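One letter stands for each residue in the lines below.
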Amino acid sequence: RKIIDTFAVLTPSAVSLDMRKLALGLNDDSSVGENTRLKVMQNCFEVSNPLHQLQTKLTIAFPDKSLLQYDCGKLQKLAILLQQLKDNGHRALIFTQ
Amino acid sequence: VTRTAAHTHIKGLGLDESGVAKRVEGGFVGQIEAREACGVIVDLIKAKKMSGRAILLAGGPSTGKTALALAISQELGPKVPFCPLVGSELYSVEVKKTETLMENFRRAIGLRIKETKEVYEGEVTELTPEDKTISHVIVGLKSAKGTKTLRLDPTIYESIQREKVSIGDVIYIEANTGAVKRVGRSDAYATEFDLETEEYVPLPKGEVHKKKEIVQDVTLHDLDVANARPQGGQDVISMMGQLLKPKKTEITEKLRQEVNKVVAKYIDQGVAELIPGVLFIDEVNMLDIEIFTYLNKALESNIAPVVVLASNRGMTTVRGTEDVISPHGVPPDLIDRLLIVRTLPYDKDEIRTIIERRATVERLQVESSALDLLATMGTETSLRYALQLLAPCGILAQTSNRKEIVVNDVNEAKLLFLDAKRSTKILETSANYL
Amino acid sequence: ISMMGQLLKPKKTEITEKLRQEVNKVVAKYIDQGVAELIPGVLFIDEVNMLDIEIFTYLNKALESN
Amino acid sequence: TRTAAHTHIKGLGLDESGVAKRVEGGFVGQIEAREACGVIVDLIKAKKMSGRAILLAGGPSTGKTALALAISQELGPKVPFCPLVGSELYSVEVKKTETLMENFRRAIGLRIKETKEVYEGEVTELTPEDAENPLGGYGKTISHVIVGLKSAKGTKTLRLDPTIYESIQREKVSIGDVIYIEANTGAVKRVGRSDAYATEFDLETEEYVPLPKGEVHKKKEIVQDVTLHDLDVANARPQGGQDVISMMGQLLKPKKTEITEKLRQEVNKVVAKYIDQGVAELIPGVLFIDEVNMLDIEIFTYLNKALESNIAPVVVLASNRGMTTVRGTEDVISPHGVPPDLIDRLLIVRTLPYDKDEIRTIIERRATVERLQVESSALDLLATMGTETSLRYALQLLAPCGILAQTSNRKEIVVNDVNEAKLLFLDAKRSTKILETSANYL
Amino acid sequence: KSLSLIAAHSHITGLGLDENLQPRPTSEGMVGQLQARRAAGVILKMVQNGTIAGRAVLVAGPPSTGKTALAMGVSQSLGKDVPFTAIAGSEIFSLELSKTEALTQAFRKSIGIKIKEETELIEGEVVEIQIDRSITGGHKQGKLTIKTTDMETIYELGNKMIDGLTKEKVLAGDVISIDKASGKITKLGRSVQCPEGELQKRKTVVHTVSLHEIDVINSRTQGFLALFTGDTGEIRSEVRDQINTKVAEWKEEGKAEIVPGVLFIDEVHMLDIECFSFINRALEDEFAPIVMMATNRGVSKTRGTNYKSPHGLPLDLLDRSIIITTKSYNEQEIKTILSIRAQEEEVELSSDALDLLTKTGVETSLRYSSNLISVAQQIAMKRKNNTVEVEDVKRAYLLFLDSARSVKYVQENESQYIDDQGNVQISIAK
Amino acid sequence: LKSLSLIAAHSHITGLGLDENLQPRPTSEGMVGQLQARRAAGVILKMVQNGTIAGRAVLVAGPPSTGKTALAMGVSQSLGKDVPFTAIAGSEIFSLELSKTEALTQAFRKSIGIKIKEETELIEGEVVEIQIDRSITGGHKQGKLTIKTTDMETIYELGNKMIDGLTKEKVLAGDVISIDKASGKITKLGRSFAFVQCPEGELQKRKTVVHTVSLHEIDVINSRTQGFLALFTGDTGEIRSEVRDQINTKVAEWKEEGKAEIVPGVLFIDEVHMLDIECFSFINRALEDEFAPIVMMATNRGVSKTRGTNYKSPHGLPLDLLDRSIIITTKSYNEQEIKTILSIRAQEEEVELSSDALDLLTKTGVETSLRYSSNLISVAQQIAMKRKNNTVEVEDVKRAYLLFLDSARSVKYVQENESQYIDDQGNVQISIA
Ligand SMILES: Nc1ncnc2c1ncn2[C@@H]1O[C@H](COP(=O)(O)OP(=O)(O)O)[C@@H](O)[C@H]1O
Ligand SMILES: Nc1ncnc2c1ncn2[C@@H]1O[C@H](COP(=O)(O)OP(=O)(O)O)[C@@H](O)[C@H]1O
Ligand SMILES: Nc1ncnc2c1ncn2[C@@H]1O[C@H](COP(=O)(O)OP(=O)(O)O)[C@@H](O)[C@H]1O
Ligand SMILES: Nc1ncnc2c1ncn2[C@@H]1O[C@H](COP(=O)(O)OP(=O)(O)O)[C@@H](O)[C@H]1O
Ligand SMILES: [Mg+2]
Ligand SMILES: [Mg+2]
Ligand SMILES: [Mg+2]
Ligand SMILES: [Mg+2]
Ligand SMILES: [Mg+2]
């Protein structure tokens, strides 16, 4: 789960909605029976899949928690000097506007 | 620090506003006529008027064909799509060569759109089923600046049930595509348990409903794949639908024409703008005649973007043909629609300048004498070999602690590494097939 | 499962001789009860010269069948 | 009792630390060959060397394959031995390279032995034991659970921690039903009701097993062996009844997929982890490829890099042919069909044709396994025929002579019977001589 | 509509003709080629007549002379509502589909069928729609007000009609069209449009469907997806044998009609011999399109056989086809063609530049000069002058080499270029 | 720590064994002889360890029985951990489910890896006791326990999901466990008093965790939702090139942000003399990409014909590939060097040899091929094991010499008996008379 969580990025930029219902043939109007599509919809609503993580990760791109310091040029060399001052036994102040 | 493989010292064609090519610009020495005729092609692509035009450049090895074909891609800019391709890639086991050749033409024409998406976010207050058919669900999402309730589709309800959301957990719901994401449990419930594995996130700031517009660009073929095959979705029926036919299939001309029509209806609203691109094929001599003869008909089409070919050969037989002999391994009927750009080999001084600039971009110091030796090398063996020996000489200089290359180091590099001409000489006289 | 089995495109497959034999058995019974009547038919092949020697060889064993 | 061209070979037929016997295990002659293979048996029993291949060459009907069957017998049934043909490497499902790599990993087996203490028997009764809780409370507190066990010849009473009530509740056992309890791992397993309770109901859907024999407390060990390939297939293949991926397993078809190197190395990691603790034992096997002359040069090339692998087992090859053009290259000529670079990596074992006196003994030894007995006069004809026509011809004529003897009601073969069998069945040379005299296209 | 930038054939539209079928010297982007235009026109009127089917015709000629433009002008002159199929010879070769089935699929695609259906539709603005929950008195009670300019009336909904109005959210004040027989609602805009007239009108709906499109739907659960996805995968011949009879009965009943479309095959010389053997049988059947084939090559070897047949096609196929020959262009036609391309590409050429471009067009090829006419406009654009000049044509002539010049350069530079034997010299000296 | 290992030909060699000056030692780290070769390989070693250069090809040539394959093995061994090294045969790229060019790109993708690091807190301490609250058919449950360490004794309430985790793996007061807050995984070091002492230090500590994933894995993961299964099952084909073009940009952004660092690897190809021409034509262009792993090859074939073309190219490869590639040749072995190789093989297999048996084995090893003399040394011990003493004697080497035949010895035996062997034409004599 961890590797899938970190290394899944890309998204299918171009999609067509309501192509999923039409692919399986289950929709409001089709040649399939009326109750059969409902029973299939409930069976799919029940049975669970382990791949839901890859599914939800590949659908929407996740900012996660990690882009806070990676989108700021000042935060790139900040935590580094905070580690350097940490290992040297020093205290620091931060003044902002 | 900076990785350099046979490139990155070329920042473009380096042409002035009048079209005249300088002797030295952007990592380019000599080859003035080819850079000029190439810049003319650049302006032709920027004009967008021409379509289905093909220009091939024929020259000896090391003459800089490919290196010049990267400069036009650098000159067009990142906004213009460029599709590097090798003639050996057109052979595919899953789909026929013809479909793989036609596909790249659709991949070479980019189309940028603009669309607005609606976003809902907030902490969940109430969740109730309205329950044959899967009933809808009323969601109580609580924004920080307000409170709003919204009814949801049964499918997005299924995705919600699969995400194990609960009352008081911050979630994220996309309107158009129906995507569902959970950020985490609300920060106010952090004190409910002393030890729990679930992280706590603050309440999303702002209104529940938010909007914005995106300039996002999508290649035309990427838009065609969407209409051709289903794509990932959080529902199970989506995963089964995409898992029913994972193998790629050939697209009929009808679907392509319809997608083109809806593209036109998109450009009528002023939402999108269609721009062409450049298809580049390396080693065109490796193509079968079946791909050439299809290139005869495919270039006559109006939607076919400008394509550029590269081949280094003399008079040779076309692959797949028995008695047919034609220049550059291309059939004579296809060569008619093609325009040729000739390349010339460099002289000694131009080789010396090449090794100089490549040494400067590689960030390495070379003394004048060892530089002259590298030039003589470049004349007596090959241009690629002189550029190849540069790094080992610097490594030996690192072992000797010297900060500059010396004649002794490049001579030692000549002793340790051999070129093709020496190795063939060892091949002619040997015991058992060295 | 049967729904997705209907969704998948029909793909030709090599039919075993056992199933063919069973069909010949039930038809052989129905022709005995008189509920069914079997009639022969004619096969026509054009440009037979385009056939491989493999198909020509299999035609020898195919023509000897009842 | 079925015999096909074999089964008169029992082992190699060697002796203790010495030269092979003249006749042992149905083998006659070729003492040097089965001796040299006898050393290879020791090399395989050493379980040290890896990727060491050998090749036995010789003419047809010289006993090439019987030596491989013999060393296969000498290794024992526990040592894995995979018969394989060079023609089997070509498959439409996957590339030849993946099939060769798979067969290379089918040779090495892995043994697992486990000792577990068990408690089995009927249930005499179940009673809780109430004790004071560490922190005062009004409700009940159980310190232990007492479980009686009845088996044939013995009886016992046990005391368990109170956490057993969850497992007992899961197994739903109450009284008078035989259970299964593992000592350290714990919980329970319900095998079935006791046998004496079948009479109380005239009709019941539950079977009644008898009480366990012997003591109620037992300690037994079970050894299970699995090859590394069979282990990898289970790792690569999904397993579930109702799962969505498994749902796609149905209605679709499984096909052999090329296994990645990462997965193989991952299996090697856990196999090494279990072999370090002493629970696992790795025994290398033997791969055998008949008719290596049928292999393409692409497979011969992959054998060069494949034999240098660390876990690669010992593979024995057989090529009857002489100087030939290697498949895939028309100009190249190498002995036996094996390229010289591949010949460089192996050891050649020569085979010699059998003498007349050895042939007669071959037929007379085949008669015992055939259960048919022949006279001395008719045997002398089978010897000369065997030397002139071919060896496998006289061995092939044995059964028709016996059937004709049964038609004549005689229990032993006669010269007239071997002649009558000669006229009915023709060897290769006679047929090839008949083809020349006929213009019928025969 | 139909965004297109520039095509080779973008200028010629609909060939050209007169009521006497005699071609004009310059008619609708078609110059030159007198006899070829008359024969192609006879074929065109033969298609428009539709009395004869399953006939093959051959268009022969030198490269870049009056060949593809012919079939293009026939397809454009044929106009919309009639099928036209153009496939390359290399396109029928497929890994997933057999060559025979992929060859029959075009014959099924080139013949269309028109099916008409009559429906009664009620459309208009909705000012007020009331819908009530289930009560003991009746299942559901609702009244929708459909307002049109000529007449305004109120309808009481039919139960499941109420499920269609509640199924998709409908806001009062938008123009919709409700289908009584279909049972679905179609929204045409908001009140963007104006009510035309009476609410209910009887209209007929014509649907043009090819034989292939009918064939794919019956072989699959959903075949319309198999149309777009190209996964069709060798439909059974029995299904087609049923489609033909059902179409025959539809024709006898008068519920449908067939349109004899045209099938054009580019690069027929590269077709396999098996396909040539199948075409002979495919032409003699009842439903087949009129076939036109064009091959540049002649007296060559047929693919799949050792011997060389004339024109590159088997004689058995040549018997079934009628041959049309095209002639090389004269000097006076080339300048007019290049002038047509000049008017098409928005390129202004002086007469002095037209003379040089015509001379180069005669000395080398037409396709070349017609490529240069596009390139010179940018060299003229750097000079900022609106019209192209002779010097720009010469500069474009020296910058981009011709084929004949490039061959003569390769023959001298052969030592530098790679050779069939693989020999190359990348070293300058020694 | 130890992968499954048996005695192999490339076993003994570990590391390249080069001096800080890069000059080779006569005998070091299992390698003997071949000075210019090992030094030229060491220049490539420090070249990869530099990592500032990309897209370079090198070739190792020579006759059979060289150690060029051994040399590259020594480069992979001296390369060390954390640097990906991929070695594929030339006949491996051919595949029925995948294109040769696609699989060739798939080989280039596996060689370059990416390292990503992260920090996760950890709680490690002994348990005093466990208190859970449940109700029969009563839903909600409430747990509590008490964690103990030397300097800290505290009490933690149990969440809803912590209960299921503690019930999954049995937790006792005696058992000492270590649990991550974010991961929620329960890790049991072992058993304390009914053999590890109570953990020293604070109860809660934060330690960094590093994850390394190859470019190929990132490429396959993003193709499909079930594409993650293609990692282990190995079934994937025709990966979209747009996915690779996007992954390159995302990885470049990750490098600029400093989030993820890339580790350049080494690509090694064995038996490159047989390869399709489309593969070479694809390599020529593919070596010029920004991320190109360093490519080293091996060709033992002389002048011959390239597969896919009729003409014979020198060395077995087209000149276009020979241009940008560098050629490092190899030389044959001295009579003494063979003796040294056989001796170190005896040390690796742990087999004691007599001096006379070493001289005889060296002579018959020089007359014949080297690998054959290295083959006999393993059987000599088995033959001597029946003599009940551990030694290798000239008699046993002679017996092993008559038992196992050399190739050149078998060439004559085939040539005299050809009537018995099956001829190329198909004729064979199976009868003695
Ligand atoms: N005019 C030039 N200036 C600088 N470098 C050049 C020039 N022409 C060629 N090169 C160098 O030569 C190298 C190989 O040339 P390439 O384009 O691969 O030859 P080919 O087109 O024959 O394949 C490139 O890395 C490029 O940097
Ligand atoms: N030592 C032996 N004693 C008796 N029969 C033998 C002996 N060696 C081989 N055979 C006979 O040879 C046959 C196997 O021959 P085989 O090795 O398959 O021929 P090839 O060498 O062509 O493979 C067996 O049926 C067996 O009866
Ligand atoms: N009669 C014509 N009128 C105008 N242009 C023509 C004519 N014939 C050929 N062309 C020109 O020739 C080009 C294509 O030639 P084409 O007919 O395709 O030759 P072929 O079919 O032999 O390959 C088109 O750009 C078109 O402008
Ligand atoms: N310098 C060396 N040090 C140790 N062993 C060597 C050396 N050179 C060659 N060898 C031996 O050569 C054997 C294999 O040679 P190899 O290089 O595989 O031949 P090829 O070049 O035909 O592939 C190995 O078992 C190895 O022990
Ligand atoms: Mg190139
Ligand atoms: Mg055999
Ligand atoms: Mg044409
Ligand atoms: Mg006919
Ligand atoms: Mg090798």
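- Method of structure determination, per the deposited record: cryo-EM was used for this entry, reaching 3.6 Å resolution.

- As recorded in the PDB entry, chain D goes by the name RuvB-like protein 1, listed as coming from Saccharomyces cerevisiae.
- As recorded in the PDB, the entry bears the title "Chromatin remodeller-nucleosome complex at 3.6 A resolution".
- Among the UniProt annotations of chain D, the heading Catalytic activity holds the following wording: "ATP + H2O = ADP + phosphate + H(+)".
- Turning to chain D, the UniProt record has this under Sequence similarities: "Belongs to the RuvB family."

- Chain C goes by RuvB-like protein 1 in the PDB entry, where it is assigned to Saccharomyces cerevisiae.

Some thoughts on the overall build of chain C
- A count of helical and extended segments in chain C gives three helices and zero strands.
- Ordered by position from N to C terminus, the α and β elements of chain C give α-α-α.
- Taking 66 residues into account, the globule formula puts the C-alpha radius of gyration at 11 Å, and chain C, at 17 Å, lies well above it.
- Each of the three principal axes of chain C carries a C-alpha extent, and together these read 40 × 40 × 20 Å.
- In chain C, which comprises 66 residues, the share counted as buried stands at 3%.
- Total accessible area on chain C stands at roughly 6,500 Å², and carbon and sulfur atoms take up 57% of it.
- For chain C, the separation between the mean place of its 8 positive charges and that of its 10 negative charges on side chains is 12 Å.

Points about the sheet that holds strand 15 (residues 273-275) of chain B
Residues and elements named next belong to chain B.
- Taken together, three strands build an open sheet; the order of strands is 14-5-15 and the sheet is antiparallel. Both edges of this open sheet fall to strand 14 (217-219) and strand 15, since each of them pairs with a single strand only. Strand after strand, the sheet turns through a mean of 25 degrees between neighbouring axes, direction not considered.
- Inspection of the sheet shows strand 5 (residues 110-112) paired to strand 15 by three bridges, in the antiparallel sense. Paired with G110 across the strands is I275, a residue of strand 15.

Side note on the site of ligand 1
- Looking at ligand 1, there are 16 residues lining it, with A6(B), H9(B), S62(B), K65(B) and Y346(B) nearest.
- Here a nitrogen atom of ligand 1 sits 2.4 Å away from a polar atom, N or O, in the side chain of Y346(B).
- Between ligand 1 and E288(F) there is a distance of 3.5 Å, counted from an oxygen atom to a side-chain nitrogen or oxygen.
- The fraction of the free accessible surface of ligand 1 (570 Å²) that becomes covered by protein chains is 95%.
- Listed by contribution, the elements that provide at least two residues to the shell around ligand 1 are strand 2 (28-29) and helix 2 (65-76) of chain B.
- The dominant element in the shell around ligand 1, judged by the number of residues it contributes, is helix 2 of chain B, at three residues.
- Looking at the shell around ligand 1, its residues break down into six nonpolar, seven polar and three charged.

Quick notes on the environment of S88(B)
- For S88(B), the location among the structural elements is in the loop between strand 4 (82-86) and helix 3 (97-107).
- Under the relative-accessibility criterion, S88(B) is labelled buried at 2%.
- With near-sequence residues (within four places) excluded, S88(B) lies in contact with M286(B), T101(F), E278(F), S281(F) and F282(F).
- For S88(B), the side chain forms a polar contact with the side chain of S281(F), separated by 2.3 Å.

What about the interface of chain B and chain E?
- Counting from both sides, the interface comprises 74 residues of chain B and, opposite them, 67 residues of chain E.
- For the pair chain B and chain E, the summed buried surface comes to about 6,400 Å²; carbon and sulfur atoms form 57% of the total.
- In this structure, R53(B) and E345(E) form a salt bridge, with 3.7 Å as the shortest nitrogen-oxygen distance.
- At the surface where chain B touches chain E, the tally comes to 18 residue pairs in polar contact.
- Elements that contribute at least two residues to the side of chain B that touches chain E include exactly helix 1 (32-47), helix 7 (253-268), helix 8 (289-298), strand 18 (315-317), helix 9 (332-336), strand 20 (338-342) and helix 11 (368-380) of chain B.
- Here the side of chain B that touches chain E takes nine residues from helix 7 of chain B, the largest share from any one element.

Looking at the interface of chain F and chain A
- The interface of chain F with chain A comprises 20 residues on the first partner and 15 residues on the second.
- Of the roughly 1,700 Å² buried where chain F meets chain A, counting both sides, 73% is carbon and sulfur surface.
- Among the residues of chain F in contact with chain A, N222(F), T225(F) and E257(F) are the three that bury the most area, contributing 31% of the side total.
- Here chain F and chain A share one residue pair in polar contact between them.
- Every element with two or more residues in the side of chain F that touches chain A is listed here: strand 5 (113-133), strand 10 (204-214), helix 5 (215-221) and helix 7 (241-257) of chain F.
- Classifying every residue of the side of chain F that touches chain A by side-chain character gives nine nonpolar, five polar and six charged.

Observations concerning the site of ligand 3
- Near ligand 3 you find 18 residues, and of these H11(E), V31(E), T68(E), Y329(E) and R367(E) are the closest.
- Neighbouring residues of ligand 3 are not confined to a single chain but are spread across chains B and E.
- Within the contact set of ligand 3, a nitrogen atom lies 2.5 Å away from a side-chain nitrogen or oxygen of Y329(E).
- Protein coverage of the free-state accessible area of ligand 3, which is 550 Å², stands at 93%.
- When residues of the shell around ligand 3 are traced back to their parent elements, those giving at least two are strand 2 (30-31) and helix 2 (68-78) of chain E.

Considerations on the packing of aromatic side chains
- Applying the stated criterion across every chain yields a total of six aromatic pairs over all chains.
- With a centroid separation of 5.6 Å and an interplanar angle of 75 degrees, the aromatic rings of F228(F) and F232(F) are classed as edge-to-face.
- In this structure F228(F) comes out as buried when scored by relative accessible area, which is 17%.
- Assessed through its relative accessible area of 32%, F232(F) is described here as partly exposed.
- When the ring centre of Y180(D) is taken as reference, the NZ or CZ atom of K189(D) above it lies at 5.6 Å.

Examining helix 2 (residues 64-75) of chain D
All names here are of chain D.
- With 12 residues, helix 2 should cover 16 Å at 1.5 Å per step; its first-to-last C-alpha distance of 18 Å lies within 8% of that length.
- At its buried positions, helix 2 is contacted by strand 2 (27-28), helix 1 (31-46), strand 3 (53-57), strand 4 (81-85), strand 14 (286-290) and strand 15 (314-319).
- Following helix 2 by one or two positions, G76 has its phi on the positive side, about 105 degrees.

Side note on the nonpolar core
- One finds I44(D), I71(D), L75(D) and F404(F) to be the most contacted residues of the largest nonpolar core, which totals 50 residues.
- The dominant element in this core, judged by the number of residues it contributes, is helix 1 of chain D, at eight residues.
- Those residues in contact with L75(D) that lie beyond four places of it in its chain are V41(D), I44(D) and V286(D).
- Counting residues in each nonpolar core, the second largest holds 41 residues, with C44(A), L54(A), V139(B) and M4(C) among its members.

Re the environment of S90(E)
- Here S90(E) lies in the loop between strand 4 (84-88) and helix 3 (99-109).
- Once the C-alpha coordinates of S90(E) and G73(E) are considered, the two residues, 17 residues apart in sequence, prove to be 23 Å apart.
- Aside from chain neighbours lying at most four places away, what touches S90(E) is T98(B), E290(B), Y294(B) and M270(E).

Remarks on the environment of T187(F)
Residues and elements named next belong to chain F.
- Note that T187 resides in strand 9 (residues 186-191).
- The exposure class of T187 is partly exposed, given its relative accessible area of 41%.
- For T187 and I112, which are 75 residues apart along the polypeptide, the C-alpha to C-alpha distance reads 32 Å.
- Beyond its immediate stretch of four places on either side in the chain, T187 contacts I177 and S178.

What counts, and at which threshold
- Residues numbered from 1 in each chain as written, not as in the entry; some residues may be left out.
- Chains lettered and ligands numbered in written order.
- Part of a larger assembly, values for the part shown.
- Heavy atoms only, no water.
- Residues with missing side-chain atoms left out of burial classes, pairs and counts.
- UniProt positions renumbered as here; feature names shortened; annotations may be inferred.
- Helix = DSSP H or I, 4+ residues; strand = E, 2+ residues; numbered from the N terminus.
- Rg over C-alpha atoms; globule rule 2.2 N^0.38 Å.
- Buried < 20%, exposed > 50% of the residue type's maximum accessible area, 1.4 Å probe, protein only.
- Areas by Shrake-Rupley, 256 points an atom, 1.4 Å probe, with all protein chains shown as cover.
- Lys, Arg positive; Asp, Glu negative; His and termini not counted.
- Charge placed at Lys NZ, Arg CZ, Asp CG, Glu CD.
- Pairing = 2+ DSSP bridges.
- Axes fitted to C-alpha atoms, helices over the stretch in contact; angles between N-to-C directions.
- Near = heavy atom within 4 Å.
- Polar contact = N/O pair within 3.5 Å; in protein donor to acceptor, adjacent residues only side chain to side chain.
- Nonpolar A, V, L, I, M, F, W, Y, C, P; charged D, E, K, R; others polar.
- Contact = heavy atoms within 4.5 Å.
- Buried area = accessible area lost by both parts, 1.4 Å probe.
- Salt bridge = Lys/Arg side-chain N within 4 Å of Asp/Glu carboxyl O.
- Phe/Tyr/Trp six-rings, centres within 6.5 Å; stacked < 30°, edge-to-face > 60°.
- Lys NZ or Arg CZ within 6 Å of the ring centre and 35° of its normal.
- Expected span 1.5 Å × (residues − 1).
- Core = buried A, V, L, I, M, F, W, Y, C linked by side-chain atoms within 4.5 Å.

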